[PDB]
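> One structure coming up, written as structure tokens, with questions to follow.
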There are 4 protein chains.
Amino acid sequence: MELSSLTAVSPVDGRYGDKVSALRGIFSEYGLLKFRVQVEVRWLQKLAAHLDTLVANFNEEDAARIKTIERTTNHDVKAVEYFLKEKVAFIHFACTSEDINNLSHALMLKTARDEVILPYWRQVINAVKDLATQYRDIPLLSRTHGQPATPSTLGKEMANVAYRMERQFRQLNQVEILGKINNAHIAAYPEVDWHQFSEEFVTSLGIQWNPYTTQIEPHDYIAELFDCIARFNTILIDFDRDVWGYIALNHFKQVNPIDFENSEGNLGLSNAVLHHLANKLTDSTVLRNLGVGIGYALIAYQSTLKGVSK
Amino acid sequence: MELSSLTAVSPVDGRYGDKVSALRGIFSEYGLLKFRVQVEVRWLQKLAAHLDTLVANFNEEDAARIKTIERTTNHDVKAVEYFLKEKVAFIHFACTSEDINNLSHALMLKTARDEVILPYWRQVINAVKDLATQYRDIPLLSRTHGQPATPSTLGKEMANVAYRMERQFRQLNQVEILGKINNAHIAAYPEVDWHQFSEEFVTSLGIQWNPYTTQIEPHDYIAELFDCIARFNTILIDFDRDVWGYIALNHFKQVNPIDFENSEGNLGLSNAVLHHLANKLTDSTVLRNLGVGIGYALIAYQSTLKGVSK
Amino acid sequence: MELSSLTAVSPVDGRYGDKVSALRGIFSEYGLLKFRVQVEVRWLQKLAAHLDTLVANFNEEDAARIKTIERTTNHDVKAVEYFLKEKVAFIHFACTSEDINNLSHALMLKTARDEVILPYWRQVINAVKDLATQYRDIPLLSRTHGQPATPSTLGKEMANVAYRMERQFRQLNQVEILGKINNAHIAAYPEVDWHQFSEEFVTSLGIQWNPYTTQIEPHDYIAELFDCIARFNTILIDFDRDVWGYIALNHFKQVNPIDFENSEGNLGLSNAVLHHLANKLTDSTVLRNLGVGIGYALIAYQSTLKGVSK
Amino acid sequence: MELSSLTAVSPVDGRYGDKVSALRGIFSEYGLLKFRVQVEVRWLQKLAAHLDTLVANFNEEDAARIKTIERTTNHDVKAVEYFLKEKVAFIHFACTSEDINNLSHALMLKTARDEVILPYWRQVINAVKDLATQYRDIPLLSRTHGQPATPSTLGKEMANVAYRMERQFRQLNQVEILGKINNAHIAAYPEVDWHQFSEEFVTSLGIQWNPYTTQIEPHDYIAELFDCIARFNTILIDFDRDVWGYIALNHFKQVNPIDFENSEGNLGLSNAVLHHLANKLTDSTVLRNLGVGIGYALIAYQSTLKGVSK
């Protein structure tokens, strides 16, 4: 009834509470708060048109603060207003929102992609490029003698997998994560080219910018990212079914193919959730589970990485 | 980076760490251990063919014990052997396994169904039977004047939902959760009708028994249970889309339909995972996530129950 | 550009136009018409409260008739009214509808289940019971010498599959397909106990009856049937992966495992569509594709039946 | 029991046998034959390193020919050899295969994308750009007076949909469909730079080429294409739920939202099948149903295009 890695319900928090740990900074109740205040703060650095203290000095303590300092206010939304206003101990009192809220989502997605998914995919690709250039010459399949279909080398056929994985690498990554902006207030600022303060802003967050107009943050480049991870994830399950399978056959002489079964296990689950979330039409419940389907691929990766080493 | 309801990755452990709390006793790393030792212990009460101390006095402390007292032994499986053997401080030393391992899975599923899913479904049905017999006379749809299609009362059309929910109640519940049994050891027991010690045993666990032979614990009555929850879950999303929808229209005069959107949200996710797990062909990774898809329906229920009250 | 088995788009009409042929009588544009007029005619046999000519003498010719004799009328629905009224060449002129429309759907589903799905499942079960009692003694897996996991006989492990298939047989079949009834017209009939003419009617169609009230033909016992076929279908894919797999290994000496791959192929597609349709919330588009997901299992069956014979 | 649009089982062949007609040239048993002989013939134009008669003069008649002239030969595969060899009535007798077989699949996919999916998407985008610039000024939602959430114009919010659709247009289309090549025979040709005859060849088919090596036609750019159509398809269902929905509200005064329900209907089915096929790991059964999930989007499009006009 407590709540730890032992008594957790989902494995991403439980069995694999850690090393999947990195998602805690991004998709937990904390994560998305940590992300939303940053941005809505990095903008108030707006005041420079006239430092980064709390965007960095922020933890579960001020996420708990914003949590306790909600559930009292008579407006439901804009609880974040009073917190940032609390840590004001000046005439900074401008709390515009909304497009900023998208930038949040973009940034968390952006960070997931660049600082976890990709670094994982790269370990996985590399370990496949080794296990191939090591199994060069090791023949496969066909049908002994008296039948062919197709004869190759387990190594060359593992090279293709690394190559397929390489394409979904490039495919992730070229998924465009966009953003843009555009009160009776901001006319305290008569000296700025607001398109520009905006382009400068968005960009400063490492988001790609702006127009064609500014209206549609269709806001499902999530679909695009997730159909891609799941494309990669499927490539990996294919890889999983090769090792476990080859070591099914190398059990005709005299290693535990566990890990390749697990990796398969979790990948089917990533994909399940990932796809689900990707085809669902503020998406706060979709938003609150962006990290789950991702949490599942990390397990699969740490598990494939684990097999191999063997 | 810590690990609590704030920094959890999945919402079942995080935002809804609690009241979904009850799954912690069943599907966590703890749960399934708690379940596997019970059974493999309630059998050793076998020795009665000649009390329930630790099956009851068991917690995260001895799940941590079995966890630390694994990862050292040179056999990987049967870590559970040494623990039960440790708490032996007599000639009880018979540690048969396997069919017992199925009984574990049956029992946890059994307990989930009888002590959480059903008590939840019943709250949900009741609250639908109220909101109907309260909205009697409230008309709906058709098309004002100049068009019909079909005209009823929001209340009678909510009665059907309660009735549909009633059928999936009966349908869950009549899903049969089976079990059976059948060393050079047990010939210390020359005085028992083993079929009978077995039928008595299985049954004593409240599992339904035995033969036609004993060979196939096909072991996916999980499919059967899960296609049923997800049938119910879909009925509820239908209900969700009625309230949110009616209160879309009752916003033509002068309540937050949040909760009915959430309930919808999580139910689509239960179903996603639930179905996934149900169509996957020892299933330890499937096993380790039996509680997730279920964890998601509980949120949906607590959320529908929450709307209504309004 | 023509339209035959060669130039068809979907395989159920194309490659397997035939032997899957039997669905043409049920789920085609024809089928559901054939079904809706029957019922809405077998009722007019109502006039007996005072023979079966066209319910039997009905073909593509009068389905074409009802098709041409639609697309002209200025009401869209009730095109079926004018056709039955045409073949009136007396004072039978009472054309009540609606609950009758459900009975149609029930009956087509009913007929699919009793006259095609089940007769197929039974062939499939039998052929598994042979291939098992023929492979008795043939050992399997484990890991030669120096490793076990679990050692059995390919035959006993095929018996379980037949047994699992047997349970989903019984499970289909006990899915309840319900129906019920209940103008200023029918008061030409002052001499009938209408509840009774109704119970007699429904029942006469071999539908199970009536009340608890009469309001909710929840009308997704389709879900229930389809989660069941797909449960069975998955059992079969499991079987498929055993033969293709065993004959992967029996290719260590000196038959084409095609058919077991195909059967797998189509079953994944049945299930895809079947599940889809089952979780979708008049369902005319769902209605118009009830036979597709089913069309796909038949291929899988004819294909598994085909392998085996080998 | 015959086989036409009336008695077809699937709607793509049946109710919508036509205008979906165009897929008959591509994904039917005919299609893929028509495609495989072309290519394996356009190559024999190889002999130019020393016209297009039958690649153009090919119909159901020679697909029937290749069908009858199979089922007799004692090799199962290479039935296509004897047919092309039949229509030899010179020393052209070189029948290399395999990489050519991929080029076939690429080309059919290529043609589907450029000559049907895209021309459809473009009609759909345009009709959305009209229905928006026509509904400019028409306000929406919020909550009359006493509640907001967010207030816009049905027209501007339809512009975003056209814009979202535009991105998946560009996204399809930039999906790379690749190909490459590389007997004791071709040493009748000592005068050609074979890499080049190959690059020239592939390219001549409008396939993108070649190396990085030539080994992995991973051969699921199908995944990539299909996650994209289904991304678009989902955008459209979103659009569907806007019109049907707005005309739910415009039924508060005094048109049939059918078509927008249908389009929704079929799109969920495309996506179901499309996704299915996309996540399945020679794929002849996957291959034989490439046109189904696509057949379903066309209906959805012809249906959305149909609503609108209203």
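To be explicit about the labels: the chains of the structure tokens are called A, B, and onward in the order shown, and within each one the residues are counted from 1, while ligands get numbers from 1 in the order they are shown.
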Specify as a list in words all residues of chain A found within 7 Å of chain C, counting only C-alpha atoms.
residues 143, 144, 145, 146, 251, 252 and 254 of chain A
> For the selection just defined, write its residues with N, CA, C and O atoms to a file, as an mmCIF file, in the first residue's frame.

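Generated file (again29.cif):
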data_model
loop_
_atom_site.group_PDB
_atom_site.id
_atom_site.type_symbol
_atom_site.label_atom_id
_atom_site.label_comp_id
_atom_site.auth_asym_id
_atom_site.auth_seq_id
_atom_site.Cartn_x
_atom_site.Cartn_y
_atom_site.Cartn_z
ATOM 1 N N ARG A 143 17.845 -24.664 -45.874
ATOM 2 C CA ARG A 143 17.294 -25.973 -45.515
ATOM 3 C C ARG A 143 18.362 -27.026 -45.767
ATOM 4 O O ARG A 143 18.256 -27.830 -46.702
ATOM 5 N N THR A 144 19.394 -26.995 -44.919
ATOM 6 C CA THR A 144 20.522 -27.941 -44.955
ATOM 7 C C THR A 144 20.969 -28.278 -46.383
ATOM 8 O O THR A 144 21.699 -27.508 -47.015
ATOM 9 N N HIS A 145 20.510 -29.431 -46.871
ATOM 10 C CA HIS A 145 20.727 -29.877 -48.238
ATOM 11 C C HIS A 145 19.407 -30.482 -48.727
ATOM 12 O O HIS A 145 18.667 -31.086 -47.941
ATOM 13 N N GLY A 146 19.109 -30.306 -50.017
ATOM 14 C CA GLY A 146 17.824 -30.731 -50.586
ATOM 15 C C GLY A 146 16.734 -29.657 -50.594
ATOM 16 O O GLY A 146 15.611 -29.917 -51.037
ATOM 17 N N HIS A 251 21.142 -24.012 -29.791
ATOM 18 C CA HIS A 251 20.768 -25.048 -28.829
ATOM 19 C C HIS A 251 20.470 -26.358 -29.581
ATOM 20 O O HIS A 251 19.394 -26.956 -29.455
ATOM 21 N N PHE A 252 21.445 -26.765 -30.392
ATOM 22 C CA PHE A 252 21.478 -28.073 -31.042
ATOM 23 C C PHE A 252 22.854 -28.735 -30.765
ATOM 24 O O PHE A 252 23.190 -29.790 -31.328
ATOM 25 N N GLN A 254 25.352 -27.732 -27.176
ATOM 26 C CA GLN A 254 25.435 -27.845 -25.712
ATOM 27 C C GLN A 254 25.476 -26.480 -25.030
ATOM 28 O O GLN A 254 25.600 -26.393 -23.807
#
> Please produce chain D as a CSV table (one decimal) with C-alpha atoms, in the first residue's frame once it has been superposed on chain C, the fit using all Cα atoms paired in sequence order.

chain,number,residue,atom,x,y,z
D,1,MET,CA,-11.4,-2.4,-64.6
D,2,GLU,CA,-14.0,-5.1,-65.1
D,3,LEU,CA,-14.8,-6.9,-61.7
D,4,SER,CA,-14.0,-10.5,-61.0
D,5,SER,CA,-11.9,-12.8,-58.8
D,6,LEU,CA,-8.9,-11.7,-61.0
D,7,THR,CA,-9.6,-7.9,-60.8
D,8,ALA,CA,-11.1,-7.8,-57.2
D,9,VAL,CA,-9.3,-5.6,-54.7
D,10,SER,CA,-9.8,-7.5,-51.4
D,11,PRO,CA,-8.8,-11.2,-51.4
D,12,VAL,CA,-12.1,-12.5,-49.9
D,13,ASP,CA,-13.8,-11.6,-53.1
D,14,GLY,CA,-10.8,-12.2,-55.3
D,15,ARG,CA,-8.2,-14.9,-54.7
D,16,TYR,CA,-10.7,-16.6,-52.4
D,17,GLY,CA,-13.8,-15.5,-54.1
D,18,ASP,CA,-15.1,-19.1,-53.6
D,19,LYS,CA,-15.5,-21.5,-50.7
D,20,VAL,CA,-15.5,-18.2,-48.9
D,21,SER,CA,-18.4,-18.0,-51.3
D,22,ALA,CA,-20.9,-18.8,-48.5
D,23,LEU,CA,-20.7,-15.2,-47.1
D,24,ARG,CA,-22.1,-13.9,-50.3
D,25,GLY,CA,-25.5,-15.1,-49.1
D,26,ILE,CA,-25.2,-13.1,-45.8
D,27,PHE,CA,-23.0,-10.0,-45.7
D,28,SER,CA,-23.1,-8.7,-49.3
D,29,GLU,CA,-25.4,-5.9,-50.2
D,30,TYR,CA,-27.6,-8.8,-51.2
D,31,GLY,CA,-27.2,-10.7,-48.0
D,32,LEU,CA,-28.5,-8.0,-45.7
D,33,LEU,CA,-31.3,-7.2,-48.0
D,34,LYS,CA,-32.1,-10.9,-48.3
D,35,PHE,CA,-32.2,-10.9,-44.5
D,36,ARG,CA,-34.2,-7.7,-44.0
D,37,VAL,CA,-37.0,-8.7,-46.2
D,38,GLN,CA,-37.3,-12.1,-44.8
D,39,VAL,CA,-38.3,-11.2,-41.2
D,40,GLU,CA,-40.1,-8.2,-42.4
D,41,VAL,CA,-42.0,-10.7,-44.5
D,42,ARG,CA,-42.1,-13.7,-42.1
D,43,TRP,CA,-44.0,-11.3,-39.8
D,44,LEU,CA,-46.7,-10.5,-42.4
D,45,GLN,CA,-47.3,-14.1,-42.2
D,46,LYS,CA,-48.9,-12.3,-39.2
D,47,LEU,CA,-52.0,-12.5,-41.5
D,48,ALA,CA,-52.2,-16.1,-40.3
D,49,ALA,CA,-54.0,-14.6,-37.3
D,50,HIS,CA,-56.9,-14.6,-39.6
D,51,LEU,CA,-47.0,-19.1,-48.1
D,52,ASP,CA,-43.2,-18.6,-47.9
D,53,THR,CA,-43.0,-17.9,-51.6
D,54,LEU,CA,-40.7,-15.0,-52.1
D,55,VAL,CA,-38.6,-15.4,-48.9
D,56,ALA,CA,-37.3,-18.4,-50.7
D,57,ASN,CA,-37.6,-17.3,-54.4
D,58,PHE,CA,-35.4,-14.3,-53.8
D,59,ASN,CA,-32.1,-13.6,-55.6
D,60,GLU,CA,-29.8,-10.9,-57.0
D,61,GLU,CA,-32.7,-10.2,-59.4
D,62,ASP,CA,-34.9,-8.7,-56.7
D,63,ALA,CA,-32.0,-7.2,-54.8
D,64,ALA,CA,-31.2,-5.5,-58.1
D,65,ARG,CA,-34.9,-4.6,-58.2
D,66,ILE,CA,-34.9,-3.0,-54.8
D,67,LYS,CA,-31.6,-1.2,-55.9
D,68,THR,CA,-33.0,0.3,-59.1
D,69,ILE,CA,-36.3,1.0,-57.3
D,70,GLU,CA,-34.4,3.0,-54.7
D,71,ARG,CA,-32.4,6.1,-55.9
D,72,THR,CA,-35.7,7.5,-57.3
D,73,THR,CA,-38.0,7.8,-54.2
D,74,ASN,CA,-38.1,11.2,-52.4
D,75,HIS,CA,-37.7,9.7,-48.8
D,76,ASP,CA,-34.4,7.9,-49.0
D,77,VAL,CA,-35.4,5.2,-46.3
D,78,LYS,CA,-38.4,2.9,-46.8
D,79,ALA,CA,-37.4,2.0,-50.4
D,80,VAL,CA,-38.0,-1.6,-49.1
D,81,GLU,CA,-41.6,-0.5,-48.5
D,82,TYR,CA,-42.4,0.0,-52.3
D,83,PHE,CA,-40.7,-3.3,-53.4
D,84,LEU,CA,-42.7,-5.6,-51.0
D,85,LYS,CA,-45.7,-3.4,-51.9
D,86,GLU,CA,-44.9,-4.1,-55.6
D,87,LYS,CA,-44.9,-7.8,-55.2
D,88,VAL,CA,-48.4,-7.4,-53.9
D,89,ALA,CA,-50.1,-8.3,-57.2
D,90,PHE,CA,-53.6,-7.9,-50.7
D,91,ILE,CA,-55.0,-5.8,-47.9
D,92,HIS,CA,-51.7,-7.0,-46.4
D,93,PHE,CA,-50.7,-3.3,-46.4
D,94,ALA,CA,-49.1,-3.0,-42.9
D,95,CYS,CA,-45.4,-2.1,-43.0
D,96,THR,CA,-44.2,-1.6,-39.5
D,97,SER,CA,-40.3,-1.6,-39.1
D,98,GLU,CA,-37.4,-1.0,-36.6
D,99,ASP,CA,-37.3,-3.7,-34.0
D,100,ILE,CA,-37.7,-5.9,-37.1
D,101,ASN,CA,-34.5,-4.3,-38.3
D,102,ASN,CA,-32.7,-5.6,-35.3
D,103,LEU,CA,-34.1,-9.1,-35.8
D,104,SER,CA,-32.5,-9.0,-39.3
D,105,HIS,CA,-29.0,-8.3,-37.9
D,106,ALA,CA,-29.5,-10.9,-35.2
D,107,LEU,CA,-30.5,-13.5,-37.7
D,108,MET,CA,-27.6,-12.9,-40.1
D,109,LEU,CA,-25.2,-13.0,-37.2
D,110,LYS,CA,-27.1,-16.1,-36.0
D,111,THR,CA,-26.7,-17.8,-39.4
D,112,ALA,CA,-23.1,-16.9,-39.8
D,113,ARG,CA,-22.4,-18.5,-36.4
D,114,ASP,CA,-24.3,-21.7,-36.8
D,115,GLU,CA,-23.9,-22.4,-40.5
D,116,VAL,CA,-20.2,-21.3,-41.3
D,117,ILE,CA,-18.1,-20.2,-38.3
D,118,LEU,CA,-18.9,-23.3,-36.3
D,119,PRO,CA,-18.8,-25.9,-39.0
D,120,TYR,CA,-15.4,-24.4,-39.8
D,121,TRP,CA,-14.1,-24.5,-36.2
D,122,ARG,CA,-15.2,-28.1,-36.0
D,123,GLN,CA,-13.2,-29.1,-39.1
D,124,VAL,CA,-10.2,-27.2,-37.6
D,125,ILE,CA,-10.6,-28.8,-34.2
D,126,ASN,CA,-10.8,-32.3,-35.7
D,127,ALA,CA,-7.8,-31.8,-37.9
D,128,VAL,CA,-5.9,-30.7,-34.8
D,129,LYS,CA,-7.1,-33.8,-32.9
D,130,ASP,CA,-5.7,-36.0,-35.8
D,131,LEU,CA,-2.4,-34.3,-36.2
D,132,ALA,CA,-1.9,-34.7,-32.4
D,133,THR,CA,-2.9,-38.4,-32.3
D,134,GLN,CA,-0.3,-39.1,-35.0
D,135,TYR,CA,2.4,-37.0,-33.5
D,136,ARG,CA,2.1,-38.7,-30.1
D,137,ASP,CA,5.6,-39.8,-29.0
D,138,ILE,CA,7.3,-37.2,-31.2
D,139,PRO,CA,9.3,-35.3,-28.7
D,140,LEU,CA,10.1,-31.6,-28.7
D,141,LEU,CA,12.3,-28.6,-27.6
D,142,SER,CA,14.0,-28.5,-24.1
D,143,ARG,CA,17.6,-28.2,-25.4
D,144,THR,CA,19.0,-31.5,-26.6
D,145,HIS,CA,21.3,-32.3,-23.6
D,146,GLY,CA,22.8,-29.9,-21.1
D,147,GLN,CA,19.6,-27.8,-20.8
D,148,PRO,CA,15.8,-28.4,-20.2
D,149,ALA,CA,13.3,-25.6,-19.4
D,150,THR,CA,10.4,-28.1,-20.2
D,151,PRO,CA,10.2,-31.4,-22.2
D,152,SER,CA,6.9,-32.8,-23.7
D,153,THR,CA,5.5,-34.5,-26.9
D,154,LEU,CA,4.3,-32.7,-30.1
D,155,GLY,CA,0.9,-34.3,-30.0
D,156,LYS,CA,0.1,-33.8,-26.3
D,157,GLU,CA,0.9,-30.1,-26.8
D,158,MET,CA,-1.3,-30.2,-29.9
D,159,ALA,CA,-4.1,-31.7,-27.8
D,160,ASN,CA,-4.1,-28.6,-25.6
D,161,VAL,CA,-4.6,-26.5,-28.7
D,162,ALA,CA,-7.6,-28.7,-29.7
D,163,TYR,CA,-8.9,-28.3,-26.1
D,164,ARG,CA,-8.4,-24.5,-26.1
D,165,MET,CA,-10.2,-24.4,-29.4
D,166,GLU,CA,-13.0,-26.5,-27.8
D,167,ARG,CA,-13.5,-23.9,-25.1
D,168,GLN,CA,-13.9,-21.0,-27.6
D,169,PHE,CA,-16.3,-23.3,-29.4
D,170,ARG,CA,-18.5,-23.5,-26.4
D,171,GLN,CA,-17.9,-19.9,-25.7
D,172,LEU,CA,-19.1,-18.8,-29.2
D,173,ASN,CA,-22.6,-20.4,-29.2
D,174,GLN,CA,-23.3,-19.5,-25.7
D,175,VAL,CA,-23.1,-15.8,-26.8
D,176,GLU,CA,-26.7,-14.7,-26.5
D,177,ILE,CA,-28.2,-13.1,-29.6
D,178,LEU,CA,-31.4,-11.4,-28.3
D,179,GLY,CA,-34.5,-9.7,-29.7
D,180,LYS,CA,-37.9,-8.3,-28.8
D,181,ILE,CA,-40.8,-6.1,-30.0
D,182,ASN,CA,-42.4,-3.1,-28.3
D,183,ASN,CA,-49.2,1.4,-34.7
D,184,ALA,CA,-52.6,3.0,-34.6
D,185,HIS,CA,-53.0,0.2,-37.3
D,186,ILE,CA,-52.6,-3.1,-35.5
D,187,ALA,CA,-56.0,-2.4,-34.0
D,188,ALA,CA,-57.3,-4.4,-37.0
D,189,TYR,CA,-56.1,-7.2,-34.8
D,190,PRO,CA,-58.3,-7.1,-31.6
D,191,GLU,CA,-58.0,-10.9,-31.1
D,192,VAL,CA,-54.3,-11.5,-30.5
D,193,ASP,CA,-52.1,-11.4,-27.3
D,194,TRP,CA,-49.5,-9.2,-28.9
D,195,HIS,CA,-46.9,-10.3,-26.3
D,196,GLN,CA,-46.9,-13.8,-27.6
D,197,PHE,CA,-47.5,-12.9,-31.2
D,198,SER,CA,-44.1,-11.2,-30.5
D,199,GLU,CA,-42.5,-13.9,-28.4
D,200,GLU,CA,-43.8,-16.5,-30.8
D,201,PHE,CA,-42.4,-14.4,-33.6
D,202,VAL,CA,-38.9,-13.7,-32.4
D,203,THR,CA,-38.5,-17.3,-31.3
D,204,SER,CA,-39.8,-18.6,-34.6
D,205,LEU,CA,-36.8,-16.9,-36.1
D,206,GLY,CA,-34.7,-18.9,-33.7
D,207,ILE,CA,-33.8,-15.6,-31.9
D,208,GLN,CA,-33.8,-15.7,-28.1
D,209,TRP,CA,-36.5,-13.5,-26.7
D,210,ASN,CA,-37.7,-10.5,-25.1
D,211,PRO,CA,-38.0,-8.7,-22.0
D,212,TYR,CA,-36.4,-7.8,-18.7
D,213,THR,CA,-38.0,-5.0,-20.6
D,214,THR,CA,-37.9,-4.2,-24.2
D,215,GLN,CA,-35.7,-1.2,-24.8
D,216,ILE,CA,-32.1,-2.2,-25.1
D,217,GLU,CA,-31.0,-4.3,-28.0
D,218,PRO,CA,-27.6,-3.0,-26.8
D,219,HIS,CA,-27.0,-4.7,-30.1
D,220,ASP,CA,-23.4,-5.5,-29.4
D,221,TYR,CA,-23.4,-9.1,-28.7
D,222,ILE,CA,-21.2,-8.4,-31.8
D,223,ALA,CA,-18.4,-7.4,-29.6
D,224,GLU,CA,-19.1,-10.6,-27.6
D,225,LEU,CA,-19.1,-12.9,-30.7
D,226,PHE,CA,-16.1,-11.1,-32.3
D,227,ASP,CA,-13.9,-11.1,-29.1
D,228,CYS,CA,-14.6,-14.8,-29.3
D,229,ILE,CA,-13.8,-15.7,-32.9
D,230,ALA,CA,-10.7,-13.6,-32.3
D,231,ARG,CA,-9.8,-15.5,-29.2
D,232,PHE,CA,-10.2,-18.7,-31.3
D,233,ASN,CA,-8.3,-17.1,-34.2
D,234,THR,CA,-5.4,-16.4,-31.9
D,235,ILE,CA,-5.4,-20.0,-30.6
D,236,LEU,CA,-5.1,-21.1,-34.3
D,237,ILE,CA,-2.3,-18.7,-35.1
D,238,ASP,CA,-0.6,-20.3,-32.1
D,239,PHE,CA,-1.2,-23.7,-33.7
D,240,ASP,CA,0.1,-22.3,-37.0
D,241,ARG,CA,3.3,-21.2,-35.3
D,242,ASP,CA,3.8,-24.7,-34.1
D,243,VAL,CA,3.6,-26.7,-37.3
D,244,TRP,CA,5.6,-24.0,-39.2
D,245,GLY,CA,8.3,-24.2,-36.6
D,246,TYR,CA,8.2,-27.9,-36.2
D,247,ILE,CA,8.7,-28.2,-39.9
D,248,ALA,CA,11.4,-25.5,-39.5
D,249,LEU,CA,13.1,-28.2,-37.4
D,250,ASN,CA,12.2,-31.2,-39.5
D,251,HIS,CA,14.2,-29.3,-42.1
D,252,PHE,CA,17.4,-30.6,-40.4
D,253,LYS,CA,17.2,-33.9,-42.4
D,254,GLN,CA,16.1,-33.7,-46.1
D,255,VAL,CA,6.7,-30.0,-47.4
D,256,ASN,CA,5.9,-26.3,-47.9
D,257,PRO,CA,5.1,-24.5,-44.6
D,258,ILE,CA,3.2,-22.2,-46.8
D,259,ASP,CA,-0.5,-22.4,-45.6
D,260,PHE,CA,0.5,-22.2,-42.1
D,261,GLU,CA,2.1,-18.8,-42.9
D,262,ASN,CA,-1.0,-17.8,-44.9
D,263,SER,CA,-3.4,-18.9,-42.2
D,264,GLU,CA,-1.3,-16.8,-39.9
D,265,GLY,CA,-1.5,-13.9,-42.4
D,266,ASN,CA,-5.3,-13.8,-42.8
D,267,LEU,CA,-6.0,-14.5,-39.1
D,268,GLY,CA,-4.1,-11.4,-38.0
D,269,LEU,CA,-6.2,-9.6,-40.6
D,270,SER,CA,-9.6,-11.1,-39.4
D,271,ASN,CA,-8.6,-10.1,-36.0
D,272,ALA,CA,-7.6,-6.7,-37.0
D,273,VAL,CA,-10.9,-6.0,-38.6
D,274,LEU,CA,-13.0,-8.0,-36.2
D,275,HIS,CA,-11.5,-6.2,-33.3
D,276,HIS,CA,-11.9,-2.9,-35.0
D,277,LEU,CA,-15.6,-3.4,-35.7
D,278,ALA,CA,-16.0,-4.7,-32.3
D,279,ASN,CA,-14.8,-1.6,-30.5
D,280,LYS,CA,-16.5,0.9,-32.7
D,281,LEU,CA,-19.3,2.8,-30.9
D,282,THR,CA,-27.9,2.5,-37.0
D,283,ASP,CA,-24.3,1.3,-37.6
D,284,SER,CA,-24.6,1.0,-41.3
D,285,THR,CA,-20.9,1.2,-42.1
D,286,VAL,CA,-20.1,-1.2,-39.3
D,287,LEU,CA,-23.0,-3.2,-40.6
D,288,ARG,CA,-21.8,-3.3,-44.2
D,289,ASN,CA,-18.5,-4.9,-43.1
D,290,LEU,CA,-19.6,-7.5,-40.7
D,291,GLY,CA,-18.5,-10.1,-43.1
D,292,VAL,CA,-15.0,-8.9,-43.9
D,293,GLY,CA,-13.3,-9.8,-40.7
D,294,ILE,CA,-15.1,-13.1,-40.9
D,295,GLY,CA,-14.2,-13.6,-44.6
D,296,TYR,CA,-10.6,-13.5,-43.4
D,297,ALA,CA,-10.9,-16.3,-40.8
D,298,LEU,CA,-12.4,-18.5,-43.4
D,299,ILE,CA,-9.4,-18.1,-45.6
D,300,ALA,CA,-7.2,-18.9,-42.6
D,301,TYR,CA,-9.2,-22.0,-41.9
D,302,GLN,CA,-9.3,-23.3,-45.4
D,303,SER,CA,-5.6,-22.7,-45.4
D,304,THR,CA,-4.9,-24.5,-42.1
D,305,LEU,CA,-7.1,-27.3,-43.1
D,306,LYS,CA,-5.0,-27.3,-46.4
D,307,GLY,CA,-1.7,-27.6,-44.6
D,308,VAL,CA,-2.3,-30.8,-42.6
D,309,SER,CA,-2.6,-33.1,-45.5
D,310,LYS,CA,1.2,-33.0,-45.3
> Quick one: DSSP helix (DSSP H, G or I) residues in region 136-204 of chain A, as a list in words?
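Matching residues for helix (DSSP H, G or I) in region 136-204 of chain A are residues 156, 157, 158, 159, 160, 161, 162, 163, 164, 165, 166, 167, 168, 169, 170, 171, 194, 195, 196, 197, 198, 199, 200, 201, 202, 203 and 204 of chain A.
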> DSSP on the backbone: what in region 150-248 of chain C comes out strand (DSSP E or B), as a VMD selection string?
chain C and resid 153 178 to 179 208 to 209
